[PDB]
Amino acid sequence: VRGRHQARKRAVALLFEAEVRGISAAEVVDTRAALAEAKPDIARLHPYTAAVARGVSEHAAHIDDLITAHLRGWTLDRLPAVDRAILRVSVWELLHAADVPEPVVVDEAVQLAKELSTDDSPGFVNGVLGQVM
């Protein structure tokens, strides 16, 4: 585990919450920032979680178009919510996190899929992201 693996995993949970509530991930980040200021001992918000989730919101249509273009016939709505969240996090990093090597971005997506999703999800996300990059 890479230094920011947990921050990425918390960003996947924030994107999932946003989709359940029908609100932007940036709005969920604002709430998490308030919680961190209120209870810094038990509810820290990693700065990278906030940057990833805010970033996905700021670039939502472009990220979704790039994913859809590499889904070989599928629509984004057909994916399981956790795989959609992992791909949105990863595509934001490919576009806007120049310090993270592209192979590292994909390997992190593969590790998130292993930890949170199905056993065929790692190969799926590697395939999609390998084409996006």
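Each residue number is its position in the shown sequence, starting from 1.
- The stretch 41-49 shows the higher mean C-alpha B-factor when 41-49 is compared against 54-62 in the entry.
- For the segment pair 123-131 and 3-11, the entry gives 123-131 the higher mean B-factor, averaged over Cα atoms.
- You'll see in the entry that, of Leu76, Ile86, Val28, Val105, the Cα B factor peaks at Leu76.
- Among all modelled residues in its chain, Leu35 ranks in the highest third by Cα B-factor.
- Among the modelled residues of the chain, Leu95 sits in the middle third by CA temperature factor in this PDB entry.
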